[PDB]
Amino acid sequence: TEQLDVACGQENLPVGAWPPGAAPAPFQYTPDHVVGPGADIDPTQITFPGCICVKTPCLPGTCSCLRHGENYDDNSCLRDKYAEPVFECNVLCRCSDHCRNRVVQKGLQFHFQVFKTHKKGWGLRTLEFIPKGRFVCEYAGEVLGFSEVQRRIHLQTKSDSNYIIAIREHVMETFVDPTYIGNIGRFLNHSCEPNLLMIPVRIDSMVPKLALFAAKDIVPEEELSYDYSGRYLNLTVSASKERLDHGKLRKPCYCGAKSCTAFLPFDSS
């Protein structure tokens, strides 16, 4: 039995695996964050009451979800010292599901493929063109507390892929770990010159979605990457987004970028 869809039917579109007859190490798929040990906020619970727009579209000035201008353009592309927080209209907003401020919530819109890279283990690539600015995928998994993070990191062995990420927004802190239960974003490799940008996007919950948007046009078969240090295009003091690992060895980076630093920029413990 060859597993056709790495996402197990749980996303809008299947995600294939390559090469034929090869599959990544098993994990439990989830399209969305789930509660993990130490989480104090259930990421599935509604926290935000939404906007009051019902008679006319949600627009800046009148939509309490759009207090910092439109997040997205009409093609659903992300527009664009302190960073403006992004809120989508949510399950409680009475605007229609066509509202231009509903984008991450709509889910995957491209066909991706988990594939064996030359030196980085499995990665994720697109099988189709993705326009600059378009939502690509979340990085979703168990939402953990700080001590649980510490507990898991300290067990990371030498060949372990490291997946926990720490999001700090200035402090709101969110730890997401798709190691055991996670979505397809867990397969994104790091690049020193990546093609995705991660933005914390709030929808129903105070626990943000870690939404990756295309930072440039991405062509078919192009591998999808983001910066594990979270520095790429991160030009405010407001939001650090750091992948964590254990141990003092600096792991080599094989991203191939001209500005490669030669090391994978985990925050080590």
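Heads up: residue numbers just count along the shown sequence, starting at 1.
According to the record, no deposited residue between residue 154 and residue 155 is left without atomic coordinates. In the deposited sequence, the stretch from residue 97 to residue 98 has no residues without coordinates, so the chain runs on without a break. Remark: stretch with higher mean C-alpha B factor among 211-219 and 22-30 is 22-30. As the entry records it, the average C-alpha temperature factor is higher for 247-255, out of 247-255 and 10-18.
In the deposited coordinates, the residue among 88, 177, 160, 138 with the greatest CA B-factor is 160. The top Cα temperature factor in the record, among 75, 117, 113, 101, falls on 75. Residue 193: CA B factor lies in the middle third for its chain, per the PDB record. In the deposited entry, the Cα temperature factor of residue 142 sits in the bottom third of values across the chain's modelled residues. For residue 225, the recorded CA temperature factor ranks within the lowest third of the chain's modelled residues. Looking at the C-alpha B-factors along this chain, the one for residue 170 belongs to the highest third. Annotation for residue 41: C-alpha temperature factor in the highest third relative to the rest of the modelled chain, per the entry.
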